[PDB]
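**Student:** Sequence and experimental coordinates follow.
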Amino acid sequence: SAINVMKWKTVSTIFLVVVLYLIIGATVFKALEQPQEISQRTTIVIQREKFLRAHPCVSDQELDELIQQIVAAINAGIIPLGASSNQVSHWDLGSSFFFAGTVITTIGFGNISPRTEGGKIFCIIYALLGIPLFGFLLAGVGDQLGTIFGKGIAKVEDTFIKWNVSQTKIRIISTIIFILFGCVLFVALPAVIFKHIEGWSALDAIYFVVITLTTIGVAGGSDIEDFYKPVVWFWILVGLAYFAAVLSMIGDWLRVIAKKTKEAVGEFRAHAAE
Amino acid sequence: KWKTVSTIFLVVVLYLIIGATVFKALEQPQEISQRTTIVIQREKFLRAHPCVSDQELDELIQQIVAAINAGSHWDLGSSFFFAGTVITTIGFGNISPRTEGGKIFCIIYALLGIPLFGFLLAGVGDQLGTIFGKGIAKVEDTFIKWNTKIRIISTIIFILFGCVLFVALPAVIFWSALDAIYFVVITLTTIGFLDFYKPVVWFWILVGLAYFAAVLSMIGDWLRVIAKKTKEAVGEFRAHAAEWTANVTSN
Ligand SMILES: CCCCCCCCCCCCCCCC
Ligand SMILES: CCCCCCCCCCCC
Ligand SMILES: CCCCCCCCCCCC
Ligand SMILES: CCCCCCCCCCCC
Ligand SMILES: CCCCCCCC
Ligand SMILES: CCCCCCCC
Ligand SMILES: CCCCCCCC
Ligand SMILES: CCCCCCCC
Ligand SMILES: CCCCCCCC
Ligand SMILES: CCCCC
Ligand SMILES: CCCCC
Ligand SMILES: [K+]
Ligand SMILES: [K+]
């Protein structure tokens, strides 16, 4: 346990980075959202105190219980209303295959989750089998797309061969054209599809794309204009293969910037200003 | 040359088709039952209080739907819960940022935090893989001398011991028996539908994520086996079915 003592040292130092990284992230979000929280929730009270004055003969003390039972309904697919009390299935022939696609990709929006105990015991096994299953598809799609990218770069790697185009530095031009194409084909072009057909802004589509393809976790949901749902699960498959490489390159960038800063502090703790 | 991805593609498509037909068979019954009882509870309430009516109540539903998008959240802790979701990609959509700056931050915060957290989880996986490597070394002497199949007893003790330390024992810290195991699997498969109480719970995640990371990879190894086992099995069956057609030609 000589290198294993050197392992725990490296892990513990990373642990404190993630902790602080999460502390930085926390303080940033609460500085950006709790302003927008208080604003809406000072106006949710105005709408309560509006509607209790507007209709006093409703049960004040039991109205919140009506609100809670609507919120307790919200977790399941509910759009309860008198005009069009007749409704449509969130577990129809397709929306359950949307759901299955979420579970194996581990995207899992949680927009709809199974309520049956048979659906839970199936989903557990369906995930424990589907997640590794989908992995080998995604890996093959990554290799399939990595050789497609390997084909296109070979032609680009001959178009501008000048005198001693430095081998170490050509690899940077190649990774620039990767991010350039990739963040058009899997970020830009499909996101603009989610702006005319779903009704979003420019950010909210790119935000949607990153949240989904970073498998954090809807395109099938909002409806403006059945050619549209089968194709999106192909962009997901290849886009997930894309960010898988994108997140992995960023990981490689973080190794570099770890050792460069690790040796840098090494010299500054050596010299102490001459 | 040989693609071999297309063949997998059709399995996943087929697997998703089976899974789909199973879920609607399990949920659309439990869907109709609820939503016929939701209409009864509404048609009770409109009759129980004529003070409220159709044209009022829909406005009450809309202002709850308008509330849904927001709902103290985002407090000093609930934003670091949120950040913990984004880097682990568990990402419970329980709370999501509404500000344009919170979205542009979250994008970059994920693009940087997900790989970052990966190296933590990787080291925790190696740290826990040698801890598991310690425990097996002593088990590999207590009865391995006494009377390829030993490797199964070891992986049985893995599932046995790990699905107590990371599923059963923690389960409450965080219902019923199912609802805890369902919770554990959903969370640690990253699907996600010295002082205060906060720090210790978040390390169960870290080590439990390292646990299912090995569990899911082990299952991947069994799928690779069962792929080759069935790959060669059809291999023989097409050999005999051809020689079967060949004999009726000669004889
Ligand atoms: C092994 C070659 C991979 C093919 C993927 C590139 C697609 C190029 C688009 C034009 C050709 C469409 C072929 C459709 C294949 C079902
Ligand atoms: C709730 C259903 C999941 C039970 C998992 C049991 C695992 C048994 C493994 C046997 C492999 C041959
Ligand atoms: C890697 C080169 C593949 C070229 C395939 C052609 C696709 C159509 C491009 C249209 C250019 C006008
Ligand atoms: C009912 C079993 C579901 C698994 C999918 C069938 C496995 C065989 C696929 C064909 C492989 C060559
Ligand atoms: C979020 C940036 C943190 C930088 C860590 C440097 C500590 C040596
Ligand atoms: C904000 C830049 C993150 C890089 C951190 C490096 C940790 C060694
Ligand atoms: C809106 C532009 C996002 C910039 C991403 C940078 C990640 C390193
Ligand atoms: C690189 C993954 C190997 C998959 C096994 C395929 C052997 C025919
Ligand atoms: C050829 C792939 C076989 C997949 C078997 C899956 C069993 C759950
Ligand atoms: C809930 C029993 C399992 C069905 C596949
Ligand atoms: C080296 C690329 C940085 C993009 C923000
Ligand atoms: K995930
Ligand atoms: K997720």
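**Tutor:** Yep, that arrived. Numbers count the residues shown, from 1 in each chain, chains lettered A, B, ... in the order given. Ligands and ions are numbered 1, 2, ... in the order given.

**Student:** wait, what's in contact with residue A:135?
**Tutor:** The contact partners of residue A:135, by C-beta atoms under 8 Å, 6 or more residues apart in numbering or on different chains, come to B:216, B:220. C-beta: built from backbone N, CA, C; applies to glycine.

**Student:** any idea how far ligand 6 is from it?
**Tutor:** Between residue A:135 and ligand 6 the computed distance is 28 Å (C-beta to the nearest ligand atom, to the nearest Å).

**Student:** go on, residue A:226?
**Tutor:** 44 Å.

**Student:** ok, and what's touching stretch A:220-239?
**Tutor:** A:94-95, A:98, A:101, A:105, A:107, A:111, A:137-138, A:141, A:145, A:186, A:190, A:196-199, A:209, A:212-213, A:219.

**Student:** what's the answer for stretch A:88-104, then?
**Tutor:** Against stretch A:88-104 from outside (C-beta under 8 Å, 6+ apart): A:77, A:107-109, A:112, A:114, A:123, A:126-127, A:130-131, A:133-134, A:217, A:220, A:229, A:233, A:236, B:12, B:15-17, B:19-21, B:23-24, B:27-28, B:31, B:191.

**Student:** Now, those that are in helices?
**Tutor:** Residues of the contacts of stretch A:88-104 located in helices (DSSP state H): A:123, A:126-127, A:130-131, A:133-134, A:229, A:233, A:236, B:12, B:15-17, B:19-21, B:23-24, B:27-28, B:31.

**Student:** what about stretch A:131-142, near ligand 12?
**Tutor:** No: using C-beta under 5 Å from the ion, stretch A:131-142 stays clear of ligand 12, coming no nearer than 9.4 Å.

**Student:** What sits closest to whatever residue of chain A ends up closest to ligand 9 if chain neighbours are left out?
**Tutor:** Relative to ligand 9, the nearest point of chain A is residue A:129 (5.2 Å; C-beta to the nearest ligand atom). Nearest non-adjacent residue to residue A:129, counting by C-beta to C-beta, 6 or more residues apart in numbering or on different chains: residue B:219, 6.9 Å away.

**Student:** I'd like the distance between the residue most central in space within chain A and ligand 13.
**Tutor:** For chain A, residue A:211 is the residue whose C-alpha lies nearest the centre (C-alpha atoms, centre = their mean; 2.2 Å). According to C-beta to the ion, to the nearest Å, residue A:211 stands 9 Å off from ligand 13.

**Student:** mind listing what that residue touches?
**Tutor:** Counted by C-beta under 8 Å, 6+ apart, residue A:211 has contacts A:217, B:91, B:106, B:110.

**Student:** which of those residues sit farthest apart?
**Tutor:** A:217 and B:106 (12.8 Å; C-beta to C-beta).

**Student:** Tell me the residues on chain A that lie near ligand 9, please.
**Tutor:** residue A:129 (C-beta under 6 Å from any ligand atom).

**Student:** Which residue would be the closest one in the stretch 1-150 of chain A to ligand 13?
**Tutor:** residue A:108 (4.7 Å; C-beta to the ion).

**Student:** So what's the residue count around the residue in the stretch 151-274 of chain A that ligand 10 sits nearest to?
**Tutor:** Ranked by C-beta to the nearest ligand atom, the top residue of the stretch 151-274 of chain A for proximity to ligand 10 is residue A:233, at 23.4 Å. For residue A:233, the neighbour count with other C-beta atoms under 10 Å in any protein chain shown is 16.

**Student:** Same question for residue A:221.
**Tutor:** Counted with other C-beta under 10 Å, residue A:221 comes out at 12.

**Student:** what's the answer for residue A:206, then?
**Tutor:** Counted by other C-beta under 10 Å, the residues lying close to residue A:206 total 21.

**Student:** I'd say it and residue A:186 touch.
**Tutor:** No: shown here, residue A:206 and residue A:186 do not form a contact pair, counting by C-beta atoms under 8 Å, at 11.0 Å.

**Student:** Could you check stretch A:246-264 against ligand 12 for contacts?
**Tutor:** No: using C-beta under 5 Å from the ion, stretch A:246-264 stays clear of ligand 12, with a minimum separation of 11.4 Å.
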